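J.: First, the structure itself, so that you have it in front of you.
FYI, it's all coordinate maths here, none of it is from the lab. Using ideal geometry, Cβ is built from the backbone for each residue, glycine included, and neighbour counts are taken over all protein chains shown.
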Amino acid sequence: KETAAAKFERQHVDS
Amino acid sequence: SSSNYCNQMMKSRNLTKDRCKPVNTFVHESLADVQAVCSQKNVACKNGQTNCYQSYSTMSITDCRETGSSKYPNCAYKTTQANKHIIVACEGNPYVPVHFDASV
């Protein structure tokens with residue numbers, strides 16, 4: 001489903 | 001889970017809906033500025049790999065760490081805000097962050 005890049009964004013990015 | 005930023009974000013981002021994750025860091029910078037780190041200072045990763053990069057500048061981050069009494073399903077976190085350099089591991093094409101190695 002989600003890529004490693006997508007997972008990183010979901011877990012760590014909060015703009 | 002309380003109502004502090006960590007308890008709420010860990011939950012909404014699907015991190016603690018089915019377990020309690022010990023630690024997690026959230027970066028309060030634009031997505032593109034975080035992706036830009038992959039072409040900044042090259043450094044070795046904790047695992048010895050050399051596909052890690054450290055940001056030239058400090059970034060706004062929030063550290064979330066489980067308290068000693070935290071237990072599923074009631075996860076509890078201590079929230080700590082700080083400004084520090086981030087170190088991420090990058091891969092693929094485009095070359096983007098895939099792992100949060102650490103913060104300094």
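J.: Give me D for chain B in µm² s⁻¹, whole number, from Stokes-Einstein with Rh from the Kirkwood sum over alpha-carbon pairs, 4 °C and 1.567 mPa s. Spell out each step's value before the answer.
T.: Details: Rh = 14.6 Å.
Approximately 89 µm²/s, per Stokes-Einstein.
J.: Once label points are set 7 Å from the Cα along Cα→Cβ at both B:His28 and A:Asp14, what is their separation, rounded to one decimal in nm?
T.: Result for the modelled spin labels: 0.8 nm.
J.: ³J(HN,Hα) across segment B:66-73 via Karplus (A = 6.51, B = -1.76, C = 1.60, θ = phi - 60°), whole Hz, x for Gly/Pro?
T.: Running phi through 6.51 cos²θ - 1.76 cosθ + 1.60 with θ = phi - 60° gives 4, 7, x, 9, 5, 7, 4, x Hz.
J.: Further, regarding this structure: Do any of A:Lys7/B:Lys41; A:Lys7/B:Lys84; A:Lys1/B:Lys78; A:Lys7/B:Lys78; A:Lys1/B:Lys84 go past 27 Å between their Cα atoms, and which?
T.: Beyond 27 Å: A:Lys1/B:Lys78; A:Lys1/B:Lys84.
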